[PDB]
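K.L.:
Residue numbers (the deposited numbering), protein chains in the order written: chain 2, 2 to 58; chain O, 1 to 137; chain X, 3 to 192; chain Y, 10 to 85.
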RNA sequence: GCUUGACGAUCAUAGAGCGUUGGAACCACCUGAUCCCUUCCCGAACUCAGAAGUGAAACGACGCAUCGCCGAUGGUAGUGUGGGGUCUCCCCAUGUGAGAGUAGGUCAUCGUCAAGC
RNA sequence: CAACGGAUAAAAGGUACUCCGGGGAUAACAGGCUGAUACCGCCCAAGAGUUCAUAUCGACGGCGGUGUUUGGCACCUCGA
RNA sequence: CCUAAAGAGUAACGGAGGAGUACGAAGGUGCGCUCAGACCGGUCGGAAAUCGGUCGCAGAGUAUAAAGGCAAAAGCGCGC
RNA sequence: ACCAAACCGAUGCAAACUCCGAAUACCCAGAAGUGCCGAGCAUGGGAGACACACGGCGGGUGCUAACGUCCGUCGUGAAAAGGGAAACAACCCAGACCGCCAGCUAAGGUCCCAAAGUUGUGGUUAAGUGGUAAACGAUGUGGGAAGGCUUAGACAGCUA
Ligand SMILES: [Mg+2]
Ligand SMILES: [Mg+2]
Ligand SMILES: [Mg+2]
Ligand SMILES: [Mg+2]
Ligand SMILES: [Mg+2]
Ligand SMILES: [Mg+2]
Ligand SMILES: [Mg+2]
Ligand SMILES: [Mg+2]
Ligand SMILES: [Mg+2]
Ligand SMILES: [Mg+2]
Ligand SMILES: [Mg+2]
Ligand SMILES: [Mg+2]
Ligand SMILES: [Mg+2]
Ligand SMILES: [Mg+2]
Ligand SMILES: [Mg+2]
Ligand SMILES: [Mg+2]
Ligand SMILES: [Mg+2]
Ligand SMILES: [Mg+2]
Ligand SMILES: [Mg+2]
Ligand SMILES: [Mg+2]
Ligand SMILES: [Mg+2]
Ligand SMILES: [Mg+2]
Ligand SMILES: [Mg+2]
Ligand SMILES: [Mg+2]
Ligand SMILES: [Mg+2]
Ligand SMILES: [Mg+2]
Ligand SMILES: [Mg+2]
Ligand SMILES: [Mg+2]
Ligand SMILES: [Mg+2]
Ligand SMILES: [Mg+2]
Ligand SMILES: [Mg+2]
Ligand SMILES: [Mg+2]
Ligand SMILES: [Mg+2]
Ligand SMILES: [Mg+2]
Ligand SMILES: [Mg+2]
Ligand SMILES: [Mg+2]
Ligand SMILES: [Mg+2]
Ligand SMILES: [Mg+2]
Ligand SMILES: [Mg+2]
Ligand SMILES: [Mg+2]
Ligand SMILES: [Mg+2]
Ligand SMILES: [Mg+2]
Ligand SMILES: [Mg+2]
Ligand SMILES: [Mg+2]
Ligand SMILES: [Mg+2]
Ligand SMILES: [Mg+2]
Ligand SMILES: [Mg+2]
Ligand SMILES: [Mg+2]
Ligand SMILES: [Mg+2]
Ligand SMILES: [Mg+2]
Ligand SMILES: [Mg+2]
Ligand SMILES: [Mg+2]
Ligand SMILES: [Mg+2]
Ligand SMILES: [Mg+2]
Ligand SMILES: [Mg+2]
Ligand SMILES: [Mg+2]
Ligand SMILES: [Mg+2]
Ligand SMILES: [Mg+2]
Ligand SMILES: [Mg+2]
Ligand SMILES: [Mg+2]
Ligand SMILES: [Mg+2]
Ligand SMILES: [Mg+2]
Ligand SMILES: [Mg+2]
Ligand SMILES: [Mg+2]
Ligand SMILES: [Mg+2]
Ligand SMILES: [Mg+2]
Ligand SMILES: [Mg+2]
Ligand SMILES: [Mg+2]
Ligand SMILES: [Mg+2]
Ligand SMILES: [Mg+2]
Ligand SMILES: [Mg+2]
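(1) If the cut is a Cβ gap below 7 angstroms, which residues of chain X does residue 100 (chain O) touch?
(2) Does residue 68 (chain O) have its Cβ less than 8 angstroms from a Cβ in chain X?
(3) Can you have a look at residue 11 (chain X) and say buried or exposed, based on whether 16 or more other CB atoms are within 10 angstroms of its CB?
(4) Less than 8 angstroms between the CB atoms is what I'm expecting for residue 128 (chain X) and residue 185 (chain X), so what's the real figure, rounded?
(5) Would you mind telling me which residues of chain X sit closer than 8 angstroms to residue 40 (chain O), beta carbon to beta carbon, in chain order?
(6) Any heavy atom of ligand 5 within a distance shorter than 7 angstroms of the CB on residue 12 (chain Y)?
(7) For a contact meaning CB atoms closer than 8 angstroms, what does residue 115 (chain O) contact in chain X?
(8) My assumption, with CB atoms under 8 angstroms, is that residue 72 (chain X) sits in contact with residue 93 (chain X). Please give the rounded CB distance.
(9) Among 21 (chain O), 45 (chain O) and 119 (chain O), whose alpha-carbon lies nearest the alpha-carbon of residue 37 (chain O)?
(10) Alpha carbon to alpha carbon, how far is residue 143 (chain X) from residue 114 (chain O)?
(11) State yes or no: is the beta carbon of residue 80 (chain X) nearer than 8 angstroms to at least one beta carbon in chain O?
(12) Please say whether residue 26 (chain Y) and residue 67 (chain Y) have beta carbons closer to each other than 8 angstroms?
(13) Counting only runs of 3+ residues fully inside the segment 85–169 of chain X, write out the beta strand (DSSP E) ranges in chain order.
(14) Quick check on DSSP: helix, strand or coil for residue 64 (chain O)?
(15) Taking just the CA atoms, how far does residue 80 (chain O) sit from residue 30 (chain O)?
(16) Residues of chain O with CB under 9 angstroms from residue 88 (chain X), in chain order?
(17) Quick one: does residue 91 (chain X) have its CB under 8 angstroms from some CB of chain O?
(18) DSSP state of residue 62 (chain X), grouped into three classes?
(19) Looking at C-alpha atoms only, which residue of 155 (chain X), 141 (chain X), 3 (chain X) and 44 (chain X) is the closest neighbour of residue 55 (chain X)?
(20) Assuming the contact rule is C-beta atoms closer than 8 angstroms, residue 43 (chain X) and residue 8 (chain X) should be a hit. Round their C-beta distance to whole Å, please.
(21) Would you tell me roughly how many angstroms separate the C-alpha atoms of residue 105 (chain X) and residue 35 (chain X), rounded to the nearest one?
(22) Using a threshold of 8 angstroms, state whether the C-beta atoms of residue 34 (chain O) and residue 129 (chain O) are closer than that.
(23) Is the number of C-beta pairs between the segment 32–43 of chain 2 and the segment 44–57 of chain O that are closer than 8 angstroms three or more?
(24) State yes or no: is the C-beta of residue 19 (chain O) nearer than 7 angstroms to some heavy atom of ligand 4?
(25) Starting from residue 21 (chain O), find everything on chain X with Cβ-Cβ shorter than 7 angstroms and list it in chain order.
(26) Less than 8 angstroms between the C-beta atoms of residue 90 (chain X) and residue 32 (chain X), yes or no?
(27) Considering only the beta carbon of each residue, do residue 52 (chain Y) and residue 60 (chain Y) sit closer than 8 angstroms?
(28) Which residue from 136 (chain X), 61 (chain X) and 45 (chain X) puts its Cα closest to that of residue 67 (chain X)?
(29) Just the residues with CB closer than 7 angstroms to a heavy atom of ligand 7, in chain order, which are they?
(30) Is there a C-beta anywhere in chain X that falls below 8 angstroms from the one on residue 136 (chain O)?
(31) Do residue 101 (chain O) and residue 91 (chain O) count as a contact pair if the criterion is CB distance below 8 angstroms?
(32) Could one say the Cβ of residue 133 (chain X) lies closer than 8 angstroms to chain O's Cβ atoms, at least one of them?
(33) In chain O, which residues lie with their C-beta within 8 angstroms of the C-beta of residue 108 (chain X)?
(34) Leaving out five residues before and five after residue 81 (chain Y) in sequence, what residues of the same chain have Cβ atoms less than 7 angstroms from its Cβ?
(35) Within 8 angstroms (strictly less), CB to CB, does residue 7 (chain O) reach chain X?
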């Protein structure tokens with residue numbers, strides 16, 4: 002019911018929409034892993050920034 | 001030289017040439033055709049030049065259709081003239097060509113003779129061409 | 003002969019269909035018509051492209067074999083690449099024993115050497131059309147419609163009402179009160 | 010050249026969309042002519058302006074003969 | 001439950017045409033222009049007083065796909081995001097996805113009130 | 001008061017005799033980018049060459065190269 | 001109006017056109033009515049005048065450019 | 001016997017054509033979590049700035065020329081060092097509080113200059129192609145689907 006998310010690429014030069022998607026999950030600097038719920042609102046912020054995150058399920 | 005008898009407006013923007021030719025890519029009237037496999041634009045003096053070379057070689061019978069009409073005006077600014085100060089006057093007319101458009105058609109001749117004549121014309125055109133027969137669909 | 007093999011297609015879409023033509027070398031297809039749900043099938047390009055140079059390819063009746071379940075179909079429409087010219091998509095219409103169907107049938111022009119307008123008057127021959135929309139029962143669907151141009155004079159026009167048809171065959175356009183030039187004779191260009 | 014002229018833009022279009030709450034006197038659409046017609050609860054200005062006459066919610070319904078597009082105000 | 005008249009809902013899958021049929025009641029055409037009223041002239045239209053004729057026209061119902069109007073499945077074009085190429089243009093991954101055309105569908109479906117069986 | 005947010009009620013020119021403050025924010029010379037133009041190659045082959053397209057030329061059309069003329073731009077230099 | 005990238009806005013010595021008015025009724029209201037065009041028939045007018053009929057549905061009209069509108073016609077006529 | 005409106009069918013084009021018509025973007029409402037502990041708004045003290053540049057995408061102008069010029073929207077420089085692209089503001093990766101003779105990676109790379117595979121498996125090229133450029137031309141070479149002749153003697157040579 003929860004998913005690991007790790008930021009593996011820099012936030013420099015990304016679209017402001019994608020910057021706020023990463024900040025919306027609570028990720029702040031590279032190689033940071035967070036505990037978030039697998040809810041449809043949260044699952045939609047991951048897909049918008051798929052190329053930046055590494056999802057461990 | 002082909003060109004419209006009258007136009008609503010004298011000038012046009014440059015525009016862009018994009019996409020394939022899903023319309024105008026079938027052998028409709030004739031029985032052998034010269035299709036375009038690359039995009040570009042014919043300047044209505046090459047269309048006219050390539051038509052001498054095609055009717056002269058058959059020189060006995062046959063019917064020929066031209067499926068391309070140059071209807072887009074283009075402008076050129078004269079020499080030793082700065083930038084700005086309006087838009088230049090119309091010099092010549094062109095036709096937008098996309099990959100797959102059929103240019104010339106012919107019938108009433110042997111298949112071997114059609115191949116010869118369409119090679120005469122294709123050497124006057126600034127784009128790649130092809131030889132296409134006719135199908136039911 | 004007129005045999006085609008097919009497999010049941012499962013992945014639909016532009017990306018899935020573009021992958022068949024690039025990697026697998028197959029062709030997407032559809033089998034609709036009759037009284038059934040439409041079925042999406044796939045077939046190999048080099049086999050459909052070999053059935054297509056038969057002269058009576060569209061006006062004949064195919065024996066499609068989807069998986070191991072075969073049936074009766076007919077080439078109803080065809081999609082080709084605008085530039086290269088190979089076939090990309092094709093749809094098949096199911097054939098029912100008692101049901102009217104339509105098709106495109108090419109015209110077999112004959113004996114143009116001894117036409118009166120050519121041997122005597124020194125004129126040309128122009129085929130204005132090369133196929134006719136027909137409508138008939140499947141049992142009497144012709145491979146070709148034969149037009150005879152022996153007794154044709156210079157300047158004489160041939161329309162749909164001039165040519166003969168086999169039994170139980172309608173020319174569709176003629177039924178709409180629209181008969182149109184099939185072929186004609188005219189003087190030489192030069 | 011004999012061409013360099015134009016006019017100031019007039020800021021036309023829809024001002025309140027479907028579902029938005031409205032008040033009396035609120036302007037809904039600015040038009041030249043009537044792309045949209047005044048429905049229930051809406052009035053028409055002398056320059057073909059649609060303004061709310063009651064409180065509610067925009068509807069944006071098309072109905073009736075002539076295929077007209079209507080703007081009406083409904084209950085909230 | 002059925003027919004006719006009035007008022008609506010919905011605006012062609014509901015329209016157009018082509019044939020058949022209805023006058024007991026209703027409606028229409030109809031008789032006349034003294035009165036109310038009318039015509040830039042005219043009882044044609046509007047209006048009044050009616051009950052000798054006909055459902056001819058009009059209207060309504062019922063039939064047919066000929067035109068019209070709807071119209072899938074599949075494929076194609078375009079396209080947001082990320083990455084490439086031979087970079088005037090395209091391609092790959094992923095989400096989205098027409099217009100035209102094909103098979104086909106349609107000779108509408110309801111609501112309130114009043115008269116006659 | 002149209003120079004249309006209208007300096008005043010009321011206003012044109014010369015300077016090669018000129019002068020000051022500044023600018024490579026902006027021209028003339030030379031350099032750079034480009035290559036329409038210019039020059040030089042090539043593709044097709046109607047034809048001229050008594051016959052014969054290519055000994056020698058070559059229409060109507062097309063594809064390139066070099067910076068090489070006339071230009072385009074305004075990147076360097078106006079405390080030379 | 002286009003450029004202008006389907007909310008608003010958006011530059012060029014970019015591509016095209018108009019204004020510096022008119023109306024005491026060309027405004028208000030009530031009542032009434034549908035245009036251009038085609039064909040056929042009719043005294044000279046004849047392709048085109050006024051009249052009759054059929055088809056047509058807005059291809060007419062709107063004081064004035066263009067765009068967007070117009071059957072409760074926003075088009076046309078009369079009384080006050 | 002030339003032309004020929006009008007109509008029927010077939011067939012193309014349009015920034016100032018539209019019977020149609022997206023993806024995005026924009027407006028609104030209800031919801032979970034995150035926000036560096038705030039983002040939003042209002043009222044006041046102080047400003048600077050109003051000479052922008054290149055790259056991607058959508059366009060006008062030019063020659064779909066220019067490190068040209070004019071707009072819309074993103075990214076970087078301005079005001080951003082470090083590693084890569086040989087050197088190379090604006091390209092790629094990534095945003096420097098200080099120290100360490102510690103480890104793991106990004107783009108890019110691993111024969112020597114010069115840190116790290118003369119690594120492994122199956123093919124291609126003979127051109128130093130790689131390590132610049134078109135129309136067009138050529139028995140270069142690898143792979144694939146098919147065809148026409150052929151022990152009734154096929155294709156080249158030679159004798160009638
Ligand atoms: Mg980036
Ligand atoms: Mg342009
Ligand atoms: Mg098109
Ligand atoms: Mg895709
Ligand atoms: Mg203008
Ligand atoms: Mg202008
Ligand atoms: Mg403007
Ligand atoms: Mg505007
Ligand atoms: Mg009012
Ligand atoms: Mg009466
Ligand atoms: Mg349709
Ligand atoms: Mg679909
Ligand atoms: Mg689709
Ligand atoms: Mg569709
Ligand atoms: Mg002034
Ligand atoms: Mg001013
Ligand atoms: Mg002033
Ligand atoms: Mg002076
Ligand atoms: Mg002196
Ligand atoms: Mg000085
Ligand atoms: Mg000074
Ligand atoms: Mg300078
Ligand atoms: Mg200046
Ligand atoms: Mg010098
Ligand atoms: Mg210079
Ligand atoms: Mg210098
Ligand atoms: Mg060069
Ligand atoms: Mg000669
Ligand atoms: Mg030089
Ligand atoms: Mg120079
Ligand atoms: Mg500049
Ligand atoms: Mg100087
Ligand atoms: Mg000095
Ligand atoms: Mg010096
Ligand atoms: Mg417009
Ligand atoms: Mg806009
Ligand atoms: Mg927009
Ligand atoms: Mg601006
Ligand atoms: Mg003026
Ligand atoms: Mg008026
Ligand atoms: Mg009035
Ligand atoms: Mg008349
Ligand atoms: Mg009305
Ligand atoms: Mg358009
Ligand atoms: Mg217009
Ligand atoms: Mg803090
Ligand atoms: Mg402040
Ligand atoms: Mg302050
Ligand atoms: Mg300021
Ligand atoms: Mg400025
Ligand atoms: Mg500037
Ligand atoms: Mg700028
Ligand atoms: Mg700039
Ligand atoms: Mg650009
Ligand atoms: Mg540009
Ligand atoms: Mg351009
Ligand atoms: Mg610049
Ligand atoms: Mg540029
Ligand atoms: Mg920054
Ligand atoms: Mg600065
Ligand atoms: Mg840096
Ligand atoms: Mg560096
Ligand atoms: Mg370099
Ligand atoms: Mg370095
Ligand atoms: Mg390591
Ligand atoms: Mg790596
Ligand atoms: Mg060194
Ligand atoms: Mg080493
Ligand atoms: Mg090795
Ligand atoms: Mg080398
Ligand atoms: Mg090399």
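Even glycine gets a Cβ: it sits at the ideal position worked out from N, Cα and C.
P.N.:
By the coordinates alone:
(1) Residue 100 (chain O) sits at position 100 when you count from the first residue of the second chain. Under the 7 angstroms cutoff, chain X gives 84 and 85.
(2) For this step, residue 68 (chain O) is matched to residue 68 along the second chain. Not one chain X Cβ lies under 8 angstroms of residue 68 (chain O).
(3) Here residue 11 (chain X) refers to the residue found at position 9 of the third chain. With 16 or more other Cβ atoms within 10 Å, it is buried.
(4) Taking the third chain and counting its residues from 1, one reaches residue 128 (chain X) at position 126. Taking the third chain and counting its residues from 1, one reaches residue 185 (chain X) at position 183. Contact between residue 128 (chain X) and residue 185 (chain X) holds: their C-beta atoms lie close to 6 angstroms from each other, under 8 angstroms.
(5) Stepping through the second chain from its first residue, residue 40 (chain O) is reached at position 40. Simply none; closest approach about 13 angstroms.
(6) Position 3 of the fourth chain, counting from 1, holds the residue named residue 12 (chain Y). Yes, Cβ of residue 12 (chain Y) sits closer than 7 angstroms to a heavy atom of ligand 5.
(7) As a working note, residue 115 (chain O) is residue 115 in the second chain. Within 8 angstroms Cβ-Cβ: nothing; residue 115 (chain O) doesn't reach chain X, min ~17 angstroms.
(8) For the purposes of this step, residue 72 (chain X) is taken as residue 70 along the third chain, with counting starting at 1. For the purposes of this step, residue 93 (chain X) is taken as residue 91 along the third chain, with counting starting at 1. Your pair residue 72 (chain X) and residue 93 (chain X) does not check out as a contact, with CB atoms roughly 18 angstroms apart and the cut at 8 angstroms.
(9) Position 37 of the second chain, counted from the first residue, corresponds to residue 37 (chain O). Of the listed residues, the one whose Cα sits closest to residue 37 (chain O) is 21 (chain O).
(10) By 1-based counting over the third chain, the position of residue 143 (chain X) is 141. By 1-based counting over the second chain, the position of residue 114 (chain O) is 114. Going by the C-alpha atoms only, they are around 34 angstroms apart.
(11) Position 78 of the third chain, counting from 1, holds the residue named residue 80 (chain X). Interface residue, yes.
(12) As a position in the fourth chain, residue 67 (chain Y) is number 58, starting the count at 1. As a position in the fourth chain, residue 26 (chain Y) is number 17, starting the count at 1. The answer is yes: Cβ separation under 8 angstroms.
(13) You should have 89–95, 103–112, 125–129, 133–138 and 147–150.
(14) Taking the second chain and counting its residues from 1, one reaches residue 64 (chain O) at position 64. Residue state, collapsed to three classes: strand.
(15) For the purposes of this step, residue 30 (chain O) is identified with residue 30 of the second chain, where counting begins at 1. For the purposes of this step, residue 80 (chain O) is identified with residue 80 of the second chain, where counting begins at 1. Rounded to whole angstroms, residue 30 (chain O) and residue 80 (chain O) show a C-alpha spacing of 48 angstroms.
(16) Residue 88 (chain X) sits at position 86 when you count from the first residue of the third chain. Within chain O, not a single residue places a beta-carbon under 9 angstroms from that of residue 88 (chain X); the smallest gap is close to 12 angstroms.
(17) Counting from 1 along the third chain, the entry for residue 91 (chain X) is found at position 89. Residue-level contact by beta carbon fails for residue 91 (chain X) and chain O, as no gap is shorter than 8 angstroms.
(18) In the third chain, the residue the question calls residue 62 (chain X) occupies position 60. DSSP places residue 62 (chain X) outside both helix and strand once states are collapsed to three, so it counts as coil.
(19) Taking the first residue of the third chain as position 1, residue 55 (chain X) is located at position 53. The candidate whose alpha carbon is nearest that of residue 55 (chain X) is 3 (chain X).
(20) Taking the first residue of the third chain as position 1, residue 43 (chain X) is located at position 41. Taking the first residue of the third chain as position 1, residue 8 (chain X) is located at position 6. The C-beta distance from residue 43 (chain X) to residue 8 (chain X) rounds to 4 angstroms, short enough to meet the 8 angstroms contact threshold.
(21) Translated into the one-based positions of the third chain, residue 105 (chain X) becomes position 103. Translated into the one-based positions of the third chain, residue 35 (chain X) becomes position 33. Approximately 14 angstroms between the Cα atoms of the pair.
(22) Position 34 of the second chain holds residue 34 (chain O). Position 129 of the second chain holds residue 129 (chain O). In contact: residue 34 (chain O) and residue 129 (chain O) (Cβ atoms closer than 8 angstroms).
(23) Flag = no, the segment 32–43 of chain 2 and the segment 44–57 of chain O do not touch.
(24) Walking along the second chain from the start, residue 19 (chain O) turns up at place 19. No; taking the cut-off as 7 angstroms, the Cβ of residue 19 (chain O) has no heavy atom of ligand 4 nearer than that.
(25) In the second chain, counting from the first residue as 1, residue 21 (chain O) sits at position 21. Chain X residues near residue 21 (chain O): 84.
(26) Residue mapping note: residue 90 (chain X) aligns to position 88 of the third chain, counting from 1. Residue mapping note: residue 32 (chain X) aligns to position 30 of the third chain, counting from 1. It is not a contact, given that the beta carbons lie outside the stated cut-off.
(27) Start at 1 with the first residue of the fourth chain, and residue 52 (chain Y) comes out as number 43. Start at 1 with the first residue of the fourth chain, and residue 60 (chain Y) comes out as number 51. In contact: residue 52 (chain Y) and residue 60 (chain Y) (Cβ atoms closer than 8 angstroms).
(28) Within the third chain, the letter at position 65 stands for residue 67 (chain X). The residue with the shortest Cα to Cα distance from residue 67 (chain X) is 45 (chain X).
(29) Checking every Cβ against the heavy atoms of ligand 7 under 7 angstroms gives 15 (chain Y) and 18 (chain Y).
(30) By 1-based counting over the second chain, the position of residue 136 (chain O) is 136. Yes, because at least one Cβ of chain X sits closer than 8 angstroms to the Cβ of residue 136 (chain O).
(31) Translated into positions along the second chain, residue 91 (chain O) becomes position 91. Translated into positions along the second chain, residue 101 (chain O) becomes position 101. Not closer than 8 angstroms, so no.
(32) One-based indexing of the third chain puts residue 133 (chain X) at position 131. Chain O contact via Cβ: present.
(33) Locating residue 108 (chain X) in the third chain gives position 106, counting from the first residue. Going along chain O in sequence order, the residues near residue 108 (chain X) (Cβ under 8 angstroms) are 136.
(34) Within the fourth chain, the letter at position 72 stands for residue 81 (chain Y). Counting only Cβ-Cβ distances below 7 angstroms, and skipping sequence neighbours, we find 48, 49, 50, 51, 68 and 70.
(35) Your numbering for residue 7 (chain O) matches position 7 in the second chain. For residue 7 (chain O), the answer is no, since every Cβ of chain X falls outside 8 angstroms of its Cβ.
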